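So this one's my_file_18.pdb, PDB, C-alpha atoms:
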ATOM      1  CA  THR A   4       0.000   0.000   0.000  1.00  0.00           C
ATOM      2  CA  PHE A   5       3.149   2.187  -0.270  1.00  0.00           C
ATOM      3  CA  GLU A   6       6.329   1.745  -2.358  1.00  0.00           C
ATOM      4  CA  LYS A   7       8.890   4.330  -1.107  1.00  0.00           C
ATOM      5  CA  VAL A   8      10.195   5.361   2.323  1.00  0.00           C
ATOM      6  CA  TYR A   9      11.298   8.844   3.473  1.00  0.00           C
ATOM      7  CA  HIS A  10      14.659   8.909   5.352  1.00  0.00           C
ATOM      8  CA  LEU A  11      14.200  11.812   7.799  1.00  0.00           C
ATOM      9  CA  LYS A  12      16.580  13.480  10.199  1.00  0.00           C
ATOM     10  CA  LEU A  13      14.978  14.948  13.328  1.00  0.00           C
ATOM     11  CA  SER A  14      16.973  17.409  15.419  1.00  0.00           C
ATOM     12  CA  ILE A  15      16.084  19.251  18.585  1.00  0.00           C
ATOM     13  CA  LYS A  16      16.919  22.936  17.946  1.00  0.00           C
ATOM     14  CA  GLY A  17      18.951  25.083  20.326  1.00  0.00           C
ATOM     15  CA  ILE A  18      20.828  22.400  22.278  1.00  0.00           C
ATOM     16  CA  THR A  19      24.499  21.611  21.538  1.00  0.00           C
ATOM     17  CA  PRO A  20      25.895  19.037  21.160  1.00  0.00           C
ATOM     18  CA  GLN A  21      22.993  18.092  18.854  1.00  0.00           C
ATOM     19  CA  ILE A  22      20.236  15.696  19.980  1.00  0.00           C
ATOM     20  CA  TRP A  23      18.997  13.843  16.844  1.00  0.00           C
ATOM     21  CA  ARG A  24      17.331  10.687  15.484  1.00  0.00           C
ATOM     22  CA  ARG A  25      17.166   9.214  12.015  1.00  0.00           C
ATOM     23  CA  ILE A  26      13.931   7.427  11.091  1.00  0.00           C
ATOM     24  CA  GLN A  27      12.389   5.984   7.919  1.00  0.00           C
ATOM     25  CA  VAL A  28       8.640   6.457   7.364  1.00  0.00           C
ATOM     26  CA  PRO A  29       6.097   5.173   4.787  1.00  0.00           C
ATOM     27  CA  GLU A  30       5.688   7.699   1.976  1.00  0.00           C
ATOM     28  CA  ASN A  31       1.867   7.659   2.436  1.00  0.00           C
ATOM     29  CA  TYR A  32       2.172   8.966   6.011  1.00  0.00           C
ATOM     30  CA  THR A  33       0.045  11.885   7.136  1.00  0.00           C
ATOM     31  CA  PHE A  34       1.420  14.599   9.421  1.00  0.00           C
ATOM     32  CA  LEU A  35      -0.479  12.988  12.329  1.00  0.00           C
ATOM     33  CA  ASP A  36       1.479   9.776  11.711  1.00  0.00           C
ATOM     34  CA  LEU A  37       4.709  11.816  11.721  1.00  0.00           C
ATOM     35  CA  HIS A  38       3.763  13.672  14.935  1.00  0.00           C
ATOM     36  CA  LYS A  39       3.447  10.217  16.543  1.00  0.00           C
ATOM     37  CA  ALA A  40       6.851   9.050  15.225  1.00  0.00           C
ATOM     38  CA  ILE A  41       8.482  12.192  16.625  1.00  0.00           C
ATOM     39  CA  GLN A  42       6.804  11.551  20.014  1.00  0.00           C
ATOM     40  CA  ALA A  43       8.173   7.987  19.884  1.00  0.00           C
ATOM     41  CA  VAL A  44      11.825   8.791  19.029  1.00  0.00           C
ATOM     42  CA  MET A  45      11.917  11.570  21.640  1.00  0.00           C
ATOM     43  CA  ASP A  46      10.255   9.485  24.340  1.00  0.00           C
ATOM     44  CA  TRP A  47       7.636  12.219  24.776  1.00  0.00           C
ATOM     45  CA  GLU A  48       4.169  11.648  26.269  1.00  0.00           C
ATOM     46  CA  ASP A  49       1.847  13.690  24.013  1.00  0.00           C
ATOM     47  CA  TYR A  50       0.700  15.937  26.878  1.00  0.00           C
ATOM     48  CA  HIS A  51       0.893  19.216  25.047  1.00  0.00           C
ATOM     49  CA  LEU A  52      -0.095  20.991  21.835  1.00  0.00           C
ATOM     50  CA  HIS A  53       1.949  20.604  18.640  1.00  0.00           C
ATOM     51  CA  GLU A  54       2.158  21.961  15.077  1.00  0.00           C
ATOM     52  CA  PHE A  55       4.223  21.767  11.909  1.00  0.00           C
ATOM     53  CA  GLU A  56       5.285  24.773   9.811  1.00  0.00           C
ATOM     54  CA  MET A  57       6.265  23.909   6.210  1.00  0.00           C
ATOM     55  CA  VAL A  58       6.422  25.596   2.781  1.00  0.00           C
ATOM     56  CA  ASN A  59       3.695  24.173   0.513  1.00  0.00           C
ATOM     57  CA  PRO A  60       5.347  23.179  -2.833  1.00  0.00           C
ATOM     58  CA  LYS A  61       2.146  23.851  -4.832  1.00  0.00           C
ATOM     59  CA  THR A  62       1.942  27.413  -3.422  1.00  0.00           C
ATOM     60  CA  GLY A  63       5.397  28.485  -2.152  1.00  0.00           C
ATOM     61  CA  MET A  64       3.550  29.809   0.960  1.00  0.00           C
ATOM     62  CA  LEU A  65       4.274  28.642   4.538  1.00  0.00           C
ATOM     63  CA  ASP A  66       1.458  26.331   5.756  1.00  0.00           C
ATOM     64  CA  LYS A  67       0.682  25.615   9.405  1.00  0.00           C
ATOM     65  CA  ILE A  68      -0.318  21.962   9.923  1.00  0.00           C
ATOM     66  CA  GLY A  69      -1.833  20.629  13.158  1.00  0.00           C
ATOM     67  CA  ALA A  70      -4.794  19.138  14.968  1.00  0.00           C
ATOM     68  CA  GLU A  71      -8.266  19.487  13.482  1.00  0.00           C
ATOM     69  CA  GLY A  72      -9.846  22.674  14.703  1.00  0.00           C
ATOM     70  CA  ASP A  73     -12.644  24.194  12.631  1.00  0.00           C
ATOM     71  CA  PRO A  81      -5.356  29.151   8.095  1.00  0.00           C
ATOM     72  CA  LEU A  82      -4.659  25.772   9.674  1.00  0.00           C
ATOM     73  CA  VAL A  83      -4.137  22.666   7.481  1.00  0.00           C
ATOM     74  CA  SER A  84      -5.416  19.374   9.001  1.00  0.00           C
ATOM     75  CA  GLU A  85      -2.610  16.985   9.833  1.00  0.00           C
ATOM     76  CA  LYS A  86      -4.963  13.975   9.546  1.00  0.00           C
ATOM     77  CA  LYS A  87      -5.499  15.102   5.919  1.00  0.00           C
ATOM     78  CA  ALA A  88      -2.089  16.597   4.981  1.00  0.00           C
ATOM     79  CA  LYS A  89       0.143  13.920   3.455  1.00  0.00           C
ATOM     80  CA  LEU A  90       3.981  14.012   3.708  1.00  0.00           C
ATOM     81  CA  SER A  91       4.086  13.182  -0.028  1.00  0.00           C
ATOM     82  CA  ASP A  92       2.205  16.402  -0.814  1.00  0.00           C
ATOM     83  CA  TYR A  93       4.886  18.516   0.941  1.00  0.00           C
ATOM     84  CA  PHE A  94       8.302  16.829   1.160  1.00  0.00           C
ATOM     85  CA  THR A  95      10.335  16.609  -2.013  1.00  0.00           C
ATOM     86  CA  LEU A  96      14.063  16.800  -2.716  1.00  0.00           C
ATOM     87  CA  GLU A  97      13.836  20.579  -3.369  1.00  0.00           C
ATOM     88  CA  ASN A  98      11.458  21.082  -0.412  1.00  0.00           C
ATOM     89  CA  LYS A  99      13.075  18.964   2.259  1.00  0.00           C
ATOM     90  CA  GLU A 100      12.525  20.698   5.629  1.00  0.00           C
ATOM     91  CA  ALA A 101       9.686  21.245   8.185  1.00  0.00           C
ATOM     92  CA  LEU A 102       9.583  22.798  11.618  1.00  0.00           C
ATOM     93  CA  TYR A 103       7.739  20.871  14.381  1.00  0.00           C
ATOM     94  CA  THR A 104       6.829  22.632  17.617  1.00  0.00           C
ATOM     95  CA  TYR A 105       5.661  20.591  20.621  1.00  0.00           C
ATOM     96  CA  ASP A 106       4.678  22.185  23.992  1.00  0.00           C
ATOM     97  CA  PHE A 107       3.701  25.822  23.527  1.00  0.00           C
ATOM     98  CA  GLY A 108       5.097  26.594  27.010  1.00  0.00           C
ATOM     99  CA  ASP A 109       8.542  24.962  26.859  1.00  0.00           C
ATOM    100  CA  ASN A 110       8.541  25.530  23.042  1.00  0.00           C
ATOM    101  CA  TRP A 111      10.402  22.421  21.874  1.00  0.00           C
ATOM    102  CA  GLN A 112      11.303  22.577  18.209  1.00  0.00           C
ATOM    103  CA  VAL A 113      12.306  19.682  16.084  1.00  0.00           C
ATOM    104  CA  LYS A 114      13.837  20.263  12.613  1.00  0.00           C
ATOM    105  CA  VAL A 115      12.620  17.654  10.163  1.00  0.00           C
ATOM    106  CA  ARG A 116      14.817  17.176   7.129  1.00  0.00           C
ATOM    107  CA  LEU A 117      14.197  14.737   4.252  1.00  0.00           C
ATOM    108  CA  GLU A 118      17.568  13.238   3.263  1.00  0.00           C
ATOM    109  CA  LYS A 119      16.537  10.360   0.941  1.00  0.00           C
ATOM    110  CA  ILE A 120      13.451   8.888  -0.703  1.00  0.00           C
ATOM    111  CA  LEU A 121      14.064   5.148  -1.341  1.00  0.00           C
ATOM    112  CA  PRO A 122      12.083   1.963  -2.223  1.00  0.00           C
ATOM    113  CA  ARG A 123      10.943   0.163   0.939  1.00  0.00           C
ATOM    114  CA  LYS A 124      12.893  -2.915   1.987  1.00  0.00           C
ATOM    115  CA  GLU A 125      11.282  -6.377   1.820  1.00  0.00           C
ATOM    116  CA  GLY A 126      10.136  -7.691   5.218  1.00  0.00           C
ATOM    117  CA  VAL A 127      11.055  -4.494   7.120  1.00  0.00           C
ATOM    118  CA  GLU A 128       8.320  -3.030   9.293  1.00  0.00           C
ATOM    119  CA  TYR A 129       8.186   0.772   8.975  1.00  0.00           C
ATOM    120  CA  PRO A 130       8.604   3.193  10.693  1.00  0.00           C
ATOM    121  CA  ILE A 131      12.108   2.396  11.905  1.00  0.00           C
ATOM    122  CA  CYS A 132      14.787   4.266  13.840  1.00  0.00           C
ATOM    123  CA  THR A 133      18.181   3.650  12.369  1.00  0.00           C
ATOM    124  CA  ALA A 134      20.422   5.955  14.489  1.00  0.00           C
ATOM    125  CA  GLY A 135      20.443   8.807  17.029  1.00  0.00           C
ATOM    126  CA  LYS A 136      22.621  10.734  19.443  1.00  0.00           C
ATOM    127  CA  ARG A 137      21.952  11.913  23.036  1.00  0.00           C
ATOM    128  CA  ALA A 138      19.050  11.589  25.454  1.00  0.00           C
ATOM    129  CA  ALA A 139      15.872  13.366  24.377  1.00  0.00           C
ATOM    130  CA  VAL A 140      14.872  16.371  26.517  1.00  0.00           C
ATOM    131  CA  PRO A 141      12.496  15.199  29.268  1.00  0.00           C
ATOM    132  CA  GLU A 142       8.950  16.453  29.266  1.00  0.00           C
ATOM    133  CA  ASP A 143       8.384  19.780  31.109  1.00  0.00           C
ATOM    134  CA  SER A 144      12.122  20.404  31.645  1.00  0.00           C
ATOM    135  CA  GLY A 145      11.889  24.173  30.951  1.00  0.00           C
ATOM    136  CA  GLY A 146      12.734  24.437  27.227  1.00  0.00           C
ATOM    137  CA  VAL A 147      16.258  24.491  25.807  1.00  0.00           C
ATOM    138  CA  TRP A 148      17.283  26.973  28.494  1.00  0.00           C
ATOM    139  CA  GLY A 149      15.796  24.944  31.363  1.00  0.00           C
ATOM    140  CA  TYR A 150      17.341  21.676  30.163  1.00  0.00           C
ATOM    141  CA  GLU A 151      20.837  23.129  29.572  1.00  0.00           C
ATOM    142  CA  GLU A 152      20.753  24.748  33.064  1.00  0.00           C
ATOM    143  CA  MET A 153      20.039  21.319  34.624  1.00  0.00           C
ATOM    144  CA  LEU A 154      22.973  19.776  32.613  1.00  0.00           C
ATOM    145  CA  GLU A 155      25.296  22.566  33.819  1.00  0.00           C
ATOM    146  CA  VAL A 156      24.278  21.819  37.422  1.00  0.00           C
ATOM    147  CA  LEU A 157      24.998  18.113  36.773  1.00  0.00           C
ATOM    148  CA  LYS A 158      28.690  18.902  36.085  1.00  0.00           C
ATOM    149  CA  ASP A 159      29.108  20.058  39.700  1.00  0.00           C
ATOM    150  CA  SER A 160      28.050  17.677  42.496  1.00  0.00           C
ATOM    151  CA  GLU A 161      28.778  20.583  44.872  1.00  0.00           C
ATOM    152  CA  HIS A 162      26.259  22.895  43.200  1.00  0.00           C
ATOM    153  CA  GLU A 163      23.627  24.201  45.653  1.00  0.00           C
ATOM    154  CA  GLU A 164      20.896  22.645  43.548  1.00  0.00           C
ATOM    155  CA  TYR A 165      22.762  19.549  42.392  1.00  0.00           C
ATOM    156  CA  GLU A 166      20.668  17.189  44.574  1.00  0.00           C
ATOM    157  CA  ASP A 167      17.416  18.820  43.453  1.00  0.00           C
ATOM    158  CA  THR A 168      18.467  18.424  39.820  1.00  0.00           C
ATOM    159  CA  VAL A 169      19.282  14.699  40.310  1.00  0.00           C
ATOM    160  CA  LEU A 170      15.880  14.229  41.966  1.00  0.00           C
ATOM    161  CA  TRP A 171      14.219  16.101  39.073  1.00  0.00           C
ATOM    162  CA  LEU A 172      15.881  14.076  36.262  1.00  0.00           C
ATOM    163  CA  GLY A 173      16.185  10.827  38.235  1.00  0.00           C
ATOM    164  CA  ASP A 174      19.102   8.712  39.483  1.00  0.00           C
ATOM    165  CA  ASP A 175      19.655   6.838  36.250  1.00  0.00           C
ATOM    166  CA  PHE A 176      19.468   9.803  33.896  1.00  0.00           C
ATOM    167  CA  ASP A 177      22.386   9.933  31.399  1.00  0.00           C
ATOM    168  CA  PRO A 178      22.298  12.933  28.972  1.00  0.00           C
ATOM    169  CA  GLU A 179      24.359  10.903  26.410  1.00  0.00           C
ATOM    170  CA  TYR A 180      22.383   7.669  26.449  1.00  0.00           C
ATOM    171  CA  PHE A 181      20.417   6.685  23.375  1.00  0.00           C
ATOM    172  CA  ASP A 182      19.850   3.313  21.708  1.00  0.00           C
ATOM    173  CA  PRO A 183      17.749   3.221  18.520  1.00  0.00           C
ATOM    174  CA  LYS A 184      16.352  -0.192  19.567  1.00  0.00           C
ATOM    175  CA  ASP A 185      14.648   1.400  22.615  1.00  0.00           C
ATOM    176  CA  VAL A 186      12.283   3.330  20.323  1.00  0.00           C
ATOM    177  CA  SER A 187       8.803   1.884  19.985  1.00  0.00           C
ATOM    178  CA  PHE A 188       6.515   3.142  17.207  1.00  0.00           C
TER     179      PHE A 188
END
Just give me the structure as structure tokens.
Amino acid sequence: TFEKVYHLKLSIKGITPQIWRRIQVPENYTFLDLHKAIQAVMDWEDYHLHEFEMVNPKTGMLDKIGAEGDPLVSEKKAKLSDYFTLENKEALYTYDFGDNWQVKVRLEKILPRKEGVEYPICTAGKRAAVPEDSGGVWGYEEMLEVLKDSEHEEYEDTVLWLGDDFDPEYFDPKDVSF
């Protein structure tokens, strides 16, 4: 029911070193489907509002794509294949309108799907995803700065916040569940 797969890079904006994942999705995917794959690779919980911003190749205008309300394009309707091409390869995804997480979505390759492979898949990634509610790029980096100093006044509060086992550099693509 689809032939090709989109090889996408997803990067959290504003944090360095870069937190990223590479996933392959069915070409017939809607934006809703993609929202869910993003939530999956980032280990997010879908608590908050989201939206995509992308140039529409048929118009050259910037479309906003998100949940069905009654100027907004419906993500259940909008197909990736109507927007992503090789000369229109990037989208912006915002999740959490308080913390304002932004994921860059870049199409790198469109390829025939592989026999027996169950899509979507996560092929690679670097770094732990930002935890939910962690205060945006600024809030998360402040916590990581604290972590570098076990004598910091709020070191113990930061450990409690992020948990004992938290490792900012831990990611394994086989932990992702779509």
### Task
For atom CA of residue A:173 and atom CA of residue A:111, quote the distance in Å rounded to one decimal.
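If I compute the distance from atom CA of residue A:173 to atom CA of residue A:111, I get 20.9 Å.
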#### Entry: Residues matched by the PyMOL selection byres ((chain A and resi 102) around 8) as a ChimeraX atom specification
/A:55-57,100-101,103-104,112-115
### Message
Just checking: using all atoms listed in the file, which residue out of A:141, A:183, A:122, A:135 ends up closest to residue A:21?
### Response
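Among A:141, A:183, A:122, A:135, it is A:135 that comes nearest to residue A:21.
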### Residue nearest residue A:84 - candidates A:35, A:65, A:45, A:117, atoms counted: all atoms listed in the file
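Closest to residue A:84, using all atoms listed in the file: A:35.
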## Note on the structure
As a check of understanding: the span from atom CA of residue A:31 to atom CA of residue A:88 is 10.1 Å
### Task
Starting from the shown file, work through the PyMOL selection byres ((chain A and resi 94-97) around 12) and note down what comes out as a PyMOL selection string.
chain A and resi 8-11+30-34+57-61+63+88-93+98-101+115-121
Axis-aligned box for stretch 14-17 of chain A, 4 Å per side, centre and edges in Å as AutoDock Vina command-line options:
--center_x 17.5 --center_y 21.2 --center_z 17.9 --size_x 10.9 --size_y 15.7 --size_z 12.9
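Here the question is which of A:162, A:25, A:53, A:123 gets nearest to residue A:7 using all atoms listed in the file, and that residue is A:123.
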### Task
For atom CA of residue A:15 and atom CA of residue A:161, determine how far apart the two atoms are, in Å to one decimal place.
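Distance between the two atoms: 29.2 Å.
Once the PyMOL selection byres ((chain A and resi 182) around 9) is applied to this file, the selection holds residues 134, 135, 136, 137, 180, 181, 183, 184, 185 and 186 of chain A.
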Just-selected residues, C-alpha atoms written as a compact mmCIF listing (two decimals), in the coordinates of the input:
# COMPACT_ATOMS: atom_id res chain seq x y z
CA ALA A 134 20.42 5.96 14.49
CA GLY A 135 20.44 8.81 17.03
CA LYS A 136 22.62 10.73 19.44
CA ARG A 137 21.95 11.91 23.04
CA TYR A 180 22.38 7.67 26.45
CA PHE A 181 20.42 6.68 23.38
CA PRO A 183 17.75 3.22 18.52
CA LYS A 184 16.35 -0.19 19.57
CA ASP A 185 14.65 1.40 22.62
CA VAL A 186 12.28 3.33 20.32
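The residue that comes closest to residue A:51, out of A:67, A:86, A:158, A:38 and on the basis of only C-alpha atoms, is A:38.
Across A:43, A:157, A:147, A:26, the tightest approach to residue A:106 is made by A:147 when counting only C-alpha atoms.
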### Task
Give me the residues within 10 Å of residue A:187 as JSON, numbers by chain, counting all atoms listed in the file and dropping any in the same chain fewer than 3 places off.
{"A": [40, 42, 43, 44, 46, 130, 131, 132, 183, 184]}
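Considering the residues A:160, A:73, A:151, A:172 and counting all atoms listed in the file, residue A:19 has its shortest atom-to-atom contact with A:151.
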### Message
List the spatial neighbours of residue A:18 as a ChimeraX atom specification - criterion: any atom at most 10 Å away, only C-alpha atoms, same-chain residues fewer than 4 positions off excluded.
### Response
/A:14,22,140,146-148,150-151
Please reconstruct the missing atoms of stretch 21-41 of chain A (target: N, CA, C and O atoms) and return them as a JSON list (two decimals), keeping the file's coordinate frame.
[["chain", "number", "residue", "atom", "x", "y", "z"],
["A", 21, "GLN", "N", 24.29, 18.40, 19.45],
["A", 21, "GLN", "CA", 22.99, 18.09, 18.85],
["A", 21, "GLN", "C", 22.31, 16.78, 19.32],
["A", 21, "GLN", "O", 22.93, 15.74, 19.41],
["A", 22, "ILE", "N", 21.04, 16.87, 19.68],
["A", 22, "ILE", "CA", 20.24, 15.70, 19.98],
["A", 22, "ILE", "C", 19.47, 15.40, 18.68],
["A", 22, "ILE", "O", 18.77, 16.28, 18.17],
["A", 23, "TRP", "N", 19.65, 14.19, 18.12],
["A", 23, "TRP", "CA", 19.00, 13.84, 16.84],
["A", 23, "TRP", "C", 18.68, 12.37, 16.76],
["A", 23, "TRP", "O", 19.23, 11.56, 17.52],
["A", 24, "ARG", "N", 17.75, 12.06, 15.85],
["A", 24, "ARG", "CA", 17.33, 10.69, 15.48],
["A", 24, "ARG", "C", 17.17, 10.59, 13.98],
["A", 24, "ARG", "O", 16.78, 11.56, 13.31],
["A", 25, "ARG", "N", 17.47, 9.43, 13.43],
["A", 25, "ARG", "CA", 17.17, 9.21, 12.02],
["A", 25, "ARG", "C", 16.09, 8.13, 11.94],
["A", 25, "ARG", "O", 16.20, 7.11, 12.59],
["A", 26, "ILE", "N", 15.02, 8.40, 11.23],
["A", 26, "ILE", "CA", 13.93, 7.43, 11.09],
["A", 26, "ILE", "C", 13.54, 7.28, 9.63],
["A", 26, "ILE", "O", 13.74, 8.21, 8.83],
["A", 27, "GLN", "N", 12.99, 6.12, 9.26],
["A", 27, "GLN", "CA", 12.39, 5.98, 7.92],
["A", 27, "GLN", "C", 10.87, 5.78, 8.03],
["A", 27, "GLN", "O", 10.39, 4.93, 8.79],
["A", 28, "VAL", "N", 10.10, 6.57, 7.28],
["A", 28, "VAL", "CA", 8.64, 6.46, 7.36],
["A", 28, "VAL", "C", 7.98, 6.09, 6.01],
["A", 28, "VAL", "O", 8.52, 6.44, 4.97],
["A", 29, "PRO", "N", 6.83, 5.37, 6.03],
["A", 29, "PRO", "CA", 6.10, 5.17, 4.79],
["A", 29, "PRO", "C", 5.81, 6.50, 4.10],
["A", 29, "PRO", "O", 5.46, 7.50, 4.78],
["A", 30, "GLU", "N", 5.96, 6.52, 2.78],
["A", 30, "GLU", "CA", 5.69, 7.70, 1.98],
["A", 30, "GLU", "C", 4.23, 8.19, 2.10],
["A", 30, "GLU", "O", 3.98, 9.39, 1.99],
["A", 31, "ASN", "N", 3.29, 7.28, 2.36],
["A", 31, "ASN", "CA", 1.87, 7.66, 2.44],
["A", 31, "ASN", "C", 1.41, 8.20, 3.82],
["A", 31, "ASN", "O", 0.20, 8.40, 4.08],
["A", 32, "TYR", "N", 2.38, 8.42, 4.68],
["A", 32, "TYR", "CA", 2.17, 8.97, 6.01],
["A", 32, "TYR", "C", 1.56, 10.35, 5.99],
["A", 32, "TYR", "O", 1.91, 11.16, 5.13],
["A", 33, "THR", "N", 0.62, 10.57, 6.91],
["A", 33, "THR", "CA", 0.04, 11.88, 7.14],
["A", 33, "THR", "C", 0.96, 12.60, 8.13],
["A", 33, "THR", "O", 1.89, 11.99, 8.67],
["A", 34, "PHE", "N", 0.73, 13.89, 8.35],
["A", 34, "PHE", "CA", 1.42, 14.60, 9.42],
["A", 34, "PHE", "C", 1.07, 14.07, 10.82],
["A", 34, "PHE", "O", 1.92, 14.09, 11.69],
["A", 35, "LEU", "N", -0.14, 13.57, 11.03],
["A", 35, "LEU", "CA", -0.48, 12.99, 12.33],
["A", 35, "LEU", "C", 0.46, 11.83, 12.63],
["A", 35, "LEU", "O", 1.05, 11.77, 13.71],
["A", 36, "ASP", "N", 0.57, 10.92, 11.67],
["A", 36, "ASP", "CA", 1.48, 9.78, 11.71],
["A", 36, "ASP", "C", 2.91, 10.16, 12.05],
["A", 36, "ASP", "O", 3.56, 9.47, 12.87],
["A", 37, "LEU", "N", 3.38, 11.26, 11.45],
["A", 37, "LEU", "CA", 4.71, 11.82, 11.72],
["A", 37, "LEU", "C", 4.84, 12.43, 13.13],
["A", 37, "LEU", "O", 5.85, 12.21, 13.81],
["A", 38, "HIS", "N", 3.84, 13.21, 13.55],
["A", 38, "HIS", "CA", 3.76, 13.67, 14.94],
["A", 38, "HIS", "C", 4.01, 12.51, 15.89],
["A", 38, "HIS", "O", 4.85, 12.60, 16.78],
["A", 39, "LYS", "N", 3.30, 11.40, 15.68],
["A", 39, "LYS", "CA", 3.45, 10.22, 16.54],
["A", 39, "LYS", "C", 4.83, 9.56, 16.50],
["A", 39, "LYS", "O", 5.24, 8.94, 17.47],
["A", 40, "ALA", "N", 5.53, 9.68, 15.38],
["A", 40, "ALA", "CA", 6.85, 9.05, 15.22],
["A", 40, "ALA", "C", 7.90, 9.90, 15.96],
["A", 40, "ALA", "O", 8.76, 9.39, 16.69],
["A", 41, "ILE", "N", 7.80, 11.21, 15.77],
["A", 41, "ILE", "CA", 8.48, 12.19, 16.62],
["A", 41, "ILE", "C", 8.29, 11.95, 18.14],
["A", 41, "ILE", "O", 9.28, 11.91, 18.90]]
